[PDB]
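What follows is one structure encoded as structure tokens, with my remarks underneath.
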Amino acid sequence: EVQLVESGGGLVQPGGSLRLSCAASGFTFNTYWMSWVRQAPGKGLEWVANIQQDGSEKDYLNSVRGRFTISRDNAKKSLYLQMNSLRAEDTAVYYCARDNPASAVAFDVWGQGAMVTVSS
Amino acid sequence: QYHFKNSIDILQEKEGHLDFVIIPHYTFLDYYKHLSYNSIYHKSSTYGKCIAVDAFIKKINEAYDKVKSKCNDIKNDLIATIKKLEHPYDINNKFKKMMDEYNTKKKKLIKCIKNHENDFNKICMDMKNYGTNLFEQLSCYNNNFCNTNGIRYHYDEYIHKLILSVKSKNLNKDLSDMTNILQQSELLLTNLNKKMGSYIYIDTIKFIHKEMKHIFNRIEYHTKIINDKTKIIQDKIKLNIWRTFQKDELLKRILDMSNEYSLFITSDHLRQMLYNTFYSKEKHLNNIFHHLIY
Amino acid sequence: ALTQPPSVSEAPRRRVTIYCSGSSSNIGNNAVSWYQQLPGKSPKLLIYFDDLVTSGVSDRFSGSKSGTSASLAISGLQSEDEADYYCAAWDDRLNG
């Protein structure tokens with residue numbers, strides 16, 4: 001079943017810790033690439049990060065570089081995204097993106113999304 | 001349940017251009033180009049998809065070739081070996097000076113291949129996922145008796161045409177021809193050793209002899225795979241088709257025939273191209289015979 | 001990196017062009033994908049590998065590329081097709 005279920009996400013003060021999540025089943029999570037994509041209210045899409053089937057390669061954008069930490073447990077079929085030193089530009093709905101069988105820039109499916117607002 | 005999925009050879013068919021064929025990375029892209037198709041050519045609705053399945057496989061075997069974008073300039077410098085070795089320009093340029101130079105580093109290429117192997121994502125594995133995905137999207141009843149189409153389509157439209165092409169070029173003769181050419185060049189080497197020894201381009205002949213000997217062993221190896229001379233009973237496709245079986249069995253036996261065509265067309269594509277390279281530098285052996293102005 | 005004005009919402013009759021400008025280090029070497037966004041609901045893939053159809057999606061949508069210029073080209077608009085449509089592409093120079 002096409003399941004991408006976000007968990008967590010909320011509000012934290014500037015320079016906070018927040019760890020996002022996903023869950024999935026049916027489609028064997030271990031065999032496919034995952035991602036993260038974010039959308040700020042009144043703004044369009046922006047890619048966050050990408051991972052590997054075994055987390056060999058990891059990649060990010062050019063602003064939250066070293067701040068964010070993509071990870072996954074492939075026994076329990078679960079993506080994560082630890083986001084430290086959070087800023088307010090980081091205000092977005094964070095979608096657990098999955099990439100297509102075809103490795104490239106390619107958000108196959110999109111989850112419901114986690115509202116992460118950052119303000120005093 | 002479903003059991004899903006060792007050398008690397010280099011090629012200069014012509015003098016000027018080089019490509020490499022990573023043996024695991026070709027059987028893989030062959031396995032899942034001979035699986036994605038099997039699925040869609042069983043079911044009637046999925047006959048529509050074969051434009052997209054074709055164009056998918058095409059675009060995988062292109063991103064793959066975009067790895068050969070930066071394994072290319074060092075490849076071209078590896079080619080400049082032929083410049084220094086076999087055609088010293090303008091007749092004026094003159095022992096293990098080129099054997100070493102920046103010329104030992106065939107290993108430099110082998111490095112740059114492995115440097116961008118798993119690295120740069122996983123364009124292999126893409127083919128696994130898609131072929132498996134479309135193998136999931138199946139119908140029929142899946143009761144005791146399911147239809148054996150699918151396999152028969154791919155066989156008579158892809159396989160059976162190519163098996164005739166190979167049997168028409170009796171490879172047993174081809175090998176024995178290549179053996180004799182190698183034997184005669186070795187015997188002439190035995191004598192040229194015993195005689196000559198000045199401004200010594202006998203070492204070039206020894207080197208080209210060596211190169212053509214291993215190239216032979218590869219073609220010999222691939223030919224044995226292609227025609228084993230101890231056989232399943234050569235029948236296999238006949239056992240699959242024109243019948244009905246239970247869902248489990250057919251799914252295994254699609255994957256069975258999907259495996260055979262992977263390794264078969266791998267070896268046979270290689271064999272054909274290696275054979276073009278053997279006789280490219282058998283004529284370059286004979287170019288030295290044209291330099292025996294005596 | 002990429003550019004795109006918001007207008008997929010005027011439908012008297014014909015096809016529609018969504019242009020896409022770029023640079024050497026992005027469109028010029030990398031394979032483009034395309035996405036549709038129905039406001040306040042999950043985005044969906046139409047085109048990947050520059051032009052290939054997702055299993056289910058209509059052929060009315062079509063991607064394209066020429067050097068440092070790409071385009072999404074729909075043909076036969078509907079009520080559904082009035083949305084927001086975004087693209088996806090990688091940039092080797094800045095790595096992202």
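If you're wondering about the labels, chains in the structure tokens are A, B, ... by order shown, residues count from 1 in each chain, ligands from 1 in order shown.
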Contacts of segment 28-43 of chain C at 6 Å or less, counting only C-alpha atoms, minus same-chain residues fewer than 4 places along, as an MDAnalysis selection string?
(chainID A and resid 110) or (chainID C and resid 24 47:50 67:68 83:89)
Could the residues of chain A that have an atom at most 8 Å from chain B be listed as CSV, each with its closest atom pair and the distance in Å to one decimal, counting only C-alpha atoms and ordered by chain and ascending residue number?
```
residue,atom,partner,partner_atom,distance
A:31,CA,B:129,CA,7.3
A:32,CA,B:129,CA,7.4
A:52,CA,B:121,CA,7.5
A:57,CA,B:121,CA,7.4
A:101,CA,B:126,CA,4.9
A:102,CA,B:126,CA,4.9
A:103,CA,B:123,CA,6.1
```
Applying 8 Å and only C-alpha atoms, which residues near residue 8 of chain B remain after dropping the ones on its own chain fewer than 5 positions away? List them as a tab-separated table (two decimals) with N, CA and C atoms, in the first residue's frame.
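Okay, around28.tsv is ready:
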```
chain	number	residue	atom	x	y	z
B	20	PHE	N	34.90	0.14	-22.16
B	20	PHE	CA	35.01	-0.98	-21.24
B	20	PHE	C	33.61	-1.53	-20.95
B	21	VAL	N	33.55	-2.83	-20.62
B	21	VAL	CA	32.30	-3.52	-20.37
B	21	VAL	C	32.40	-4.25	-19.02
B	22	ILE	N	31.71	-3.71	-18.01
B	22	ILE	CA	31.75	-4.24	-16.65
B	22	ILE	C	30.78	-5.42	-16.58
B	23	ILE	N	31.32	-6.63	-16.43
B	23	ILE	CA	30.60	-7.87	-16.70
B	23	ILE	C	29.37	-8.01	-15.80
```
Define the interface residues of chain A facing chain C as those within 12 Å, counting only C-alpha atoms, and report them as an NGL selection string.
:A and (4 or 37-39 or 41-50 or 58-65 or 93-113)
So that I have them on file, write out the residues from the current selection with C-alpha atoms, as an mmCIF file, in the first residue's frame.
```
data_model
loop_
_atom_site.group_PDB
_atom_site.id
_atom_site.type_symbol
_atom_site.label_atom_id
_atom_site.label_comp_id
_atom_site.auth_asym_id
_atom_site.auth_seq_id
_atom_site.Cartn_x
_atom_site.Cartn_y
_atom_site.Cartn_z
ATOM 1 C CA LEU A 4 4.079 7.657 3.685
ATOM 2 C CA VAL A 37 11.310 18.040 0.255
ATOM 3 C CA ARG A 38 10.033 21.174 2.011
ATOM 4 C CA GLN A 39 7.482 23.882 1.145
ATOM 5 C CA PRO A 41 3.607 28.749 3.250
ATOM 6 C CA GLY A 42 3.291 31.086 0.255
ATOM 7 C CA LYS A 43 6.427 29.531 -1.312
ATOM 8 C CA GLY A 44 7.061 26.602 -3.678
ATOM 9 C CA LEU A 45 9.004 23.334 -3.395
ATOM 10 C CA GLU A 46 12.625 23.029 -2.234
ATOM 11 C CA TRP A 47 14.710 19.838 -2.028
ATOM 12 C CA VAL A 48 16.234 19.034 1.370
ATOM 13 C CA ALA A 49 18.271 15.801 1.222
ATOM 14 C CA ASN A 50 18.837 12.337 -0.316
ATOM 15 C CA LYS A 58 24.220 11.244 1.830
ATOM 16 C CA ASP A 59 23.610 14.673 0.267
ATOM 17 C CA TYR A 60 22.016 18.011 1.240
ATOM 18 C CA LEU A 61 21.429 21.551 -0.111
ATOM 19 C CA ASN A 62 23.786 24.503 0.583
ATOM 20 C CA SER A 63 22.327 26.301 3.624
ATOM 21 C CA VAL A 64 21.414 23.567 6.126
ATOM 22 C CA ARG A 65 24.697 21.780 5.297
ATOM 23 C CA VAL A 93 5.822 21.535 5.490
ATOM 24 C CA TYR A 94 8.450 18.777 5.356
ATOM 25 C CA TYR A 95 7.324 15.984 3.035
ATOM 26 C CA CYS A 96 8.883 12.558 3.346
ATOM 27 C CA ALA A 97 9.695 12.283 -0.354
ATOM 28 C CA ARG A 98 10.530 8.923 -1.897
ATOM 29 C CA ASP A 99 12.428 8.771 -5.197
ATOM 30 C CA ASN A 100 11.409 6.603 -8.153
ATOM 31 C CA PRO A 101 13.090 3.235 -9.044
ATOM 32 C CA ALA A 102 15.025 5.486 -11.434
ATOM 33 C CA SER A 103 17.731 7.199 -9.389
ATOM 34 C CA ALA A 104 17.786 10.920 -10.240
ATOM 35 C CA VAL A 105 15.947 14.094 -9.197
ATOM 36 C CA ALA A 106 12.597 12.287 -8.955
ATOM 37 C CA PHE A 107 10.086 12.526 -6.088
ATOM 38 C CA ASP A 108 8.008 9.403 -6.862
ATOM 39 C CA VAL A 109 5.488 9.818 -4.033
ATOM 40 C CA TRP A 110 4.799 12.461 -1.391
ATOM 41 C CA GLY A 111 3.632 12.024 2.200
ATOM 42 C CA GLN A 112 0.987 14.141 3.944
ATOM 43 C CA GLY A 113 3.674 16.373 5.462
#
```
As a ChimeraX atom specification, please: the residues near residue 2 of chain C (cut-off 7 Å, only C-alpha atoms, same-chain neighbours under 5 positions excluded).
/C:20-22
Can you list every residue in segment 48-200 of chain B that DSSP puts in helix (DSSP H, G or I), as a PyMOL selection string?
chain B and resi 48+50-63+67-69+73-85+89-91+97-100+107-115+123-136+151-167+171-194
Show me a table, sorted first by chain and then by increasing residue number, of the residues of chain B having an atom at most 12 Å from chain C, each with its shortest atom pair and the distance in Å to one decimal, counting only C-alpha atoms and written as JSON lines.
```
{"residue": "B:45", "atom": "CA", "partner": "C:56", "partner_atom": "CA", "distance": 11.6}
{"residue": "B:46", "atom": "CA", "partner": "C:55", "partner_atom": "CA", "distance": 9.9}
{"residue": "B:48", "atom": "CA", "partner": "C:55", "partner_atom": "CA", "distance": 10.2}
{"residue": "B:49", "atom": "CA", "partner": "C:55", "partner_atom": "CA", "distance": 7.8}
{"residue": "B:50", "atom": "CA", "partner": "C:55", "partner_atom": "CA", "distance": 11.1}
{"residue": "B:51", "atom": "CA", "partner": "C:52", "partner_atom": "CA", "distance": 9.1}
{"residue": "B:52", "atom": "CA", "partner": "C:52", "partner_atom": "CA", "distance": 6.3}
{"residue": "B:53", "atom": "CA", "partner": "C:52", "partner_atom": "CA", "distance": 9.1}
{"residue": "B:54", "atom": "CA", "partner": "C:52", "partner_atom": "CA", "distance": 10.0}
{"residue": "B:55", "atom": "CA", "partner": "C:52", "partner_atom": "CA", "distance": 6.9}
{"residue": "B:56", "atom": "CA", "partner": "C:52", "partner_atom": "CA", "distance": 7.2}
{"residue": "B:57", "atom": "CA", "partner": "C:49", "partner_atom": "CA", "distance": 10.4}
{"residue": "B:58", "atom": "CA", "partner": "C:49", "partner_atom": "CA", "distance": 9.7}
{"residue": "B:59", "atom": "CA", "partner": "C:49", "partner_atom": "CA", "distance": 6.4}
{"residue": "B:60", "atom": "CA", "partner": "C:49", "partner_atom": "CA", "distance": 8.6}
{"residue": "B:61", "atom": "CA", "partner": "C:49", "partner_atom": "CA", "distance": 11.4}
{"residue": "B:62", "atom": "CA", "partner": "C:49", "partner_atom": "CA", "distance": 10.2}
{"residue": "B:63", "atom": "CA", "partner": "C:31", "partner_atom": "CA", "distance": 8.5}
{"residue": "B:66", "atom": "CA", "partner": "C:29", "partner_atom": "CA", "distance": 8.7}
{"residue": "B:67", "atom": "CA", "partner": "C:29", "partner_atom": "CA", "distance": 11.4}
{"residue": "B:69", "atom": "CA", "partner": "C:29", "partner_atom": "CA", "distance": 10.1}
{"residue": "B:120", "atom": "CA", "partner": "C:92", "partner_atom": "CA", "distance": 11.7}
{"residue": "B:130", "atom": "CA", "partner": "C:55", "partner_atom": "CA", "distance": 11.3}
{"residue": "B:133", "atom": "CA", "partner": "C:55", "partner_atom": "CA", "distance": 11.0}
{"residue": "B:134", "atom": "CA", "partner": "C:55", "partner_atom": "CA", "distance": 9.9}
{"residue": "B:137", "atom": "CA", "partner": "C:55", "partner_atom": "CA", "distance": 10.7}
```
Those same residues, written as a PDB file, in the first residue's frame with N, CA and C atoms?
```pdb
ATOM      1  N   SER B  45      -3.664  -5.420 -21.237  1.00  0.00           N
ATOM      2  CA  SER B  45      -3.677  -4.000 -20.911  1.00  0.00           C
ATOM      3  C   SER B  45      -2.265  -3.410 -20.932  1.00  0.00           C
ATOM      4  N   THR B  46      -1.266  -4.254 -20.625  1.00  0.00           N
ATOM      5  CA  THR B  46       0.119  -3.838 -20.443  1.00  0.00           C
ATOM      6  C   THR B  46       0.889  -3.818 -21.766  1.00  0.00           C
ATOM      7  N   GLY B  48       0.154  -1.783 -23.820  1.00  0.00           N
ATOM      8  CA  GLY B  48       0.231  -0.337 -23.957  1.00  0.00           C
ATOM      9  C   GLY B  48       1.537   0.235 -23.406  1.00  0.00           C
ATOM     10  N   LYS B  49       2.110  -0.447 -22.402  1.00  0.00           N
ATOM     11  CA  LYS B  49       3.194   0.094 -21.595  1.00  0.00           C
ATOM     12  C   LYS B  49       4.553  -0.032 -22.291  1.00  0.00           C
ATOM     13  N   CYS B  50       4.647  -0.893 -23.319  1.00  0.00           N
ATOM     14  CA  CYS B  50       5.934  -1.322 -23.857  1.00  0.00           C
ATOM     15  C   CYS B  50       6.702  -0.180 -24.528  1.00  0.00           C
ATOM     16  N   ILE B  51       6.011   0.926 -24.842  1.00  0.00           N
ATOM     17  CA  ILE B  51       6.661   2.141 -25.315  1.00  0.00           C
ATOM     18  C   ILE B  51       7.438   2.774 -24.162  1.00  0.00           C
ATOM     19  N   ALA B  52       6.811   2.799 -22.978  1.00  0.00           N
ATOM     20  CA  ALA B  52       7.386   3.412 -21.791  1.00  0.00           C
ATOM     21  C   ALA B  52       8.496   2.541 -21.205  1.00  0.00           C
ATOM     22  N   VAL B  53       8.312   1.213 -21.265  1.00  0.00           N
ATOM     23  CA  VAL B  53       9.266   0.250 -20.731  1.00  0.00           C
ATOM     24  C   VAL B  53      10.541   0.277 -21.580  1.00  0.00           C
ATOM     25  N   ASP B  54      10.371   0.373 -22.905  1.00  0.00           N
ATOM     26  CA  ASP B  54      11.464   0.538 -23.850  1.00  0.00           C
ATOM     27  C   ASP B  54      12.245   1.811 -23.533  1.00  0.00           C
ATOM     28  N   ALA B  55      11.528   2.941 -23.455  1.00  0.00           N
ATOM     29  CA  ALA B  55      12.113   4.262 -23.276  1.00  0.00           C
ATOM     30  C   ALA B  55      12.765   4.414 -21.901  1.00  0.00           C
ATOM     31  N   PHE B  56      12.306   3.616 -20.924  1.00  0.00           N
ATOM     32  CA  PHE B  56      12.894   3.560 -19.589  1.00  0.00           C
ATOM     33  C   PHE B  56      14.275   2.905 -19.672  1.00  0.00           C
ATOM     34  N   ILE B  57      14.325   1.705 -20.272  1.00  0.00           N
ATOM     35  CA  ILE B  57      15.543   0.920 -20.411  1.00  0.00           C
ATOM     36  C   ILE B  57      16.567   1.708 -21.231  1.00  0.00           C
ATOM     37  N   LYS B  58      16.087   2.361 -22.299  1.00  0.00           N
ATOM     38  CA  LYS B  58      16.894   3.239 -23.129  1.00  0.00           C
ATOM     39  C   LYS B  58      17.578   4.302 -22.269  1.00  0.00           C
ATOM     40  N   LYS B  59      16.804   4.949 -21.388  1.00  0.00           N
ATOM     41  CA  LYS B  59      17.274   6.112 -20.651  1.00  0.00           C
ATOM     42  C   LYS B  59      18.124   5.689 -19.445  1.00  0.00           C
ATOM     43  N   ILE B  60      18.033   4.410 -19.032  1.00  0.00           N
ATOM     44  CA  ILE B  60      18.966   3.844 -18.064  1.00  0.00           C
ATOM     45  C   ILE B  60      20.314   3.594 -18.756  1.00  0.00           C
ATOM     46  N   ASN B  61      20.270   2.960 -19.938  1.00  0.00           N
ATOM     47  CA  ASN B  61      21.447   2.717 -20.759  1.00  0.00           C
ATOM     48  C   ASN B  61      21.776   3.992 -21.539  1.00  0.00           C
ATOM     49  N   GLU B  62      22.159   5.042 -20.798  1.00  0.00           N
ATOM     50  CA  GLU B  62      22.450   6.381 -21.300  1.00  0.00           C
ATOM     51  C   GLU B  62      22.985   7.228 -20.147  1.00  0.00           C
ATOM     52  N   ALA B  63      22.290   7.134 -19.001  1.00  0.00           N
ATOM     53  CA  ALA B  63      22.800   7.616 -17.728  1.00  0.00           C
ATOM     54  C   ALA B  63      24.022   6.792 -17.328  1.00  0.00           C
ATOM     55  N   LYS B  66      26.790   8.057 -19.245  1.00  0.00           N
ATOM     56  CA  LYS B  66      27.204   9.362 -18.743  1.00  0.00           C
ATOM     57  C   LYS B  66      28.224   9.225 -17.608  1.00  0.00           C
ATOM     58  N   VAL B  67      28.466   7.980 -17.163  1.00  0.00           N
ATOM     59  CA  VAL B  67      29.583   7.684 -16.277  1.00  0.00           C
ATOM     60  C   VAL B  67      30.876   7.772 -17.091  1.00  0.00           C
ATOM     61  N   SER B  69      31.816   9.916 -18.957  1.00  0.00           N
ATOM     62  CA  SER B  69      31.998  11.320 -19.291  1.00  0.00           C
ATOM     63  C   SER B  69      33.327  11.817 -18.722  1.00  0.00           C
ATOM     64  N   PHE B 120      28.157   7.759  -7.235  1.00  0.00           N
ATOM     65  CA  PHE B 120      27.242   8.337  -8.212  1.00  0.00           C
ATOM     66  C   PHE B 120      25.982   7.458  -8.289  1.00  0.00           C
ATOM     67  N   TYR B 130      12.509  -1.471 -11.170  1.00  0.00           N
ATOM     68  CA  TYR B 130      11.498  -1.267 -12.194  1.00  0.00           C
ATOM     69  C   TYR B 130      11.017  -2.605 -12.752  1.00  0.00           C
ATOM     70  N   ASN B 133       9.058  -4.240 -10.059  1.00  0.00           N
ATOM     71  CA  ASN B 133       7.824  -3.482  -9.887  1.00  0.00           C
ATOM     72  C   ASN B 133       6.776  -3.939 -10.899  1.00  0.00           C
ATOM     73  N   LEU B 134       7.186  -4.066 -12.165  1.00  0.00           N
ATOM     74  CA  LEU B 134       6.290  -4.469 -13.237  1.00  0.00           C
ATOM     75  C   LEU B 134       6.005  -5.968 -13.159  1.00  0.00           C
ATOM     76  N   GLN B 137       3.059  -6.124 -10.839  1.00  0.00           N
ATOM     77  CA  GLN B 137       1.820  -5.725 -11.491  1.00  0.00           C
ATOM     78  C   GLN B 137       1.386  -6.796 -12.496  1.00  0.00           C
TER      79      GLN B 137
END
```
Applying 12 Å and only C-alpha atoms, which residues near residue 72 of chain A remain after dropping the ones on its own chain fewer than 2 positions away? List them as an MDAnalysis selection string.
chainID A and resid 20:24 29:30 32:35 50:56 58 69:70 74:82 96
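Using only C-alpha atoms for every distance, the candidate list C:58, C:73, C:80, C:92 yields C:73 as the residue closest to residue 14 of chain C.
Atom CA of residue 221 of chain B is found 16.2 Å from atom CA of residue 182 of chain B.
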Contacts of residue 244 of chain B within 10 Å, only C-alpha atoms, excl. fewer than 6 positions in-chain, as a PyMOL selection string
chain B and resi 144-149+250
To one decimal in Å, tell me the separation between atom CA of residue 26 of chain C and atom CA of residue 57 of chain C.
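Between atom CA of residue 26 of chain C and atom CA of residue 57 of chain C the gap works out to 26.1 Å.
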Based on the backbone DSSP call, show me all residues of chain C assigned strand (DSSP E or B), as a PyMOL selection string.
chain C and resi 15-21+33-37+44-47+53+63-66+69-75+84-88
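Going from atom CA of residue 199 of chain B over to atom CA of residue 90 of chain B, you cover 17.4 Å.
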Please identify all polymer residues within 10 Å of residue 86 of chain A, counting only C-alpha atoms, omitting same-chain residues fewer than 2 positions from it, and present them as a ChimeraX atom specification.
/A:12-18,64,67-68,83-84,88-91,118
Dump of N, CA, C and O atoms for the selected residues, as an mmCIF file, in the first residue's frame:
```cif
data_model
loop_
_atom_site.group_PDB
_atom_site.id
_atom_site.type_symbol
_atom_site.label_atom_id
_atom_site.label_comp_id
_atom_site.auth_asym_id
_atom_site.auth_seq_id
_atom_site.Cartn_x
_atom_site.Cartn_y
_atom_site.Cartn_z
ATOM 1 N N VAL A 12 9.296 24.975 17.725
ATOM 2 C CA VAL A 12 10.409 25.091 18.653
ATOM 3 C C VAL A 12 11.068 26.460 18.448
ATOM 4 O O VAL A 12 11.037 27.029 17.359
ATOM 5 N N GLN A 13 11.671 26.977 19.520
ATOM 6 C CA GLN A 13 12.307 28.291 19.535
ATOM 7 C C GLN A 13 13.588 28.255 18.694
ATOM 8 O O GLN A 13 14.159 27.180 18.514
ATOM 9 N N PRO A 14 14.059 29.405 18.137
ATOM 10 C CA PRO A 14 15.299 29.477 17.352
ATOM 11 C C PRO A 14 16.486 28.702 17.922
ATOM 12 O O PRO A 14 16.809 28.858 19.096
ATOM 13 N N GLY A 15 17.118 27.883 17.071
ATOM 14 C CA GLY A 15 18.241 27.044 17.452
ATOM 15 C C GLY A 15 17.798 25.828 18.257
ATOM 16 O O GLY A 15 18.468 25.456 19.215
ATOM 17 N N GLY A 16 16.678 25.219 17.851
ATOM 18 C CA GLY A 16 16.131 24.061 18.532
ATOM 19 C C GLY A 16 16.511 22.751 17.846
ATOM 20 O O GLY A 16 17.068 22.757 16.754
ATOM 21 N N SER A 17 16.224 21.638 18.529
ATOM 22 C CA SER A 17 16.302 20.301 17.960
ATOM 23 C C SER A 17 14.902 19.834 17.570
ATOM 24 O O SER A 17 13.950 20.046 18.321
ATOM 25 N N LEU A 18 14.789 19.210 16.389
ATOM 26 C CA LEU A 18 13.549 18.590 15.949
ATOM 27 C C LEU A 18 13.860 17.443 14.991
ATOM 28 O O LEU A 18 14.565 17.640 14.004
ATOM 29 N N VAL A 64 21.564 24.419 4.959
ATOM 30 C CA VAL A 64 21.414 23.567 6.126
ATOM 31 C C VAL A 64 22.450 22.442 6.063
ATOM 32 O O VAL A 64 22.217 21.342 6.567
ATOM 33 N N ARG A 67 23.951 20.893 9.402
ATOM 34 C CA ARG A 67 22.896 21.071 10.386
ATOM 35 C C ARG A 67 21.985 19.845 10.378
ATOM 36 O O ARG A 67 21.791 19.206 11.412
ATOM 37 N N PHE A 68 21.434 19.526 9.200
ATOM 38 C CA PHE A 68 20.499 18.423 9.033
ATOM 39 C C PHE A 68 21.274 17.107 9.024
ATOM 40 O O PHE A 68 22.479 17.086 8.787
ATOM 41 N N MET A 83 17.085 17.571 12.637
ATOM 42 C CA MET A 83 17.341 18.931 12.196
ATOM 43 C C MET A 83 17.729 19.785 13.401
ATOM 44 O O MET A 83 16.871 20.185 14.181
ATOM 45 N N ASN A 84 19.039 20.022 13.544
ATOM 46 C CA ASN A 84 19.600 20.786 14.647
ATOM 47 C C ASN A 84 19.939 22.194 14.172
ATOM 48 O O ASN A 84 20.044 22.440 12.972
ATOM 49 N N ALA A 88 14.553 30.103 11.006
ATOM 50 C CA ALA A 88 13.155 30.455 10.772
ATOM 51 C C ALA A 88 12.814 30.473 9.281
ATOM 52 O O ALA A 88 11.638 30.447 8.921
ATOM 53 N N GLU A 89 13.850 30.545 8.434
ATOM 54 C CA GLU A 89 13.735 30.251 7.011
ATOM 55 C C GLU A 89 13.303 28.798 6.819
ATOM 56 O O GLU A 89 12.676 28.466 5.814
ATOM 57 N N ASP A 90 13.645 27.942 7.797
ATOM 58 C CA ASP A 90 13.315 26.523 7.788
ATOM 59 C C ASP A 90 11.822 26.275 8.016
ATOM 60 O O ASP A 90 11.413 25.121 8.118
ATOM 61 N N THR A 91 11.016 27.346 8.127
ATOM 62 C CA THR A 91 9.569 27.203 8.184
ATOM 63 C C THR A 91 9.102 26.534 6.896
ATOM 64 O O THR A 91 9.231 27.115 5.821
ATOM 65 N N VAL A 118 8.897 27.771 12.867
ATOM 66 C CA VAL A 118 9.939 28.218 13.781
ATOM 67 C C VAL A 118 9.756 29.713 14.051
ATOM 68 O O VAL A 118 9.871 30.530 13.139
#
```
Using only C-alpha atoms, pick whichever of C:13, C:93, C:25, C:64 has the shortest atom-to-atom distance to residue 76 of chain C.
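Closest candidate: C:13.
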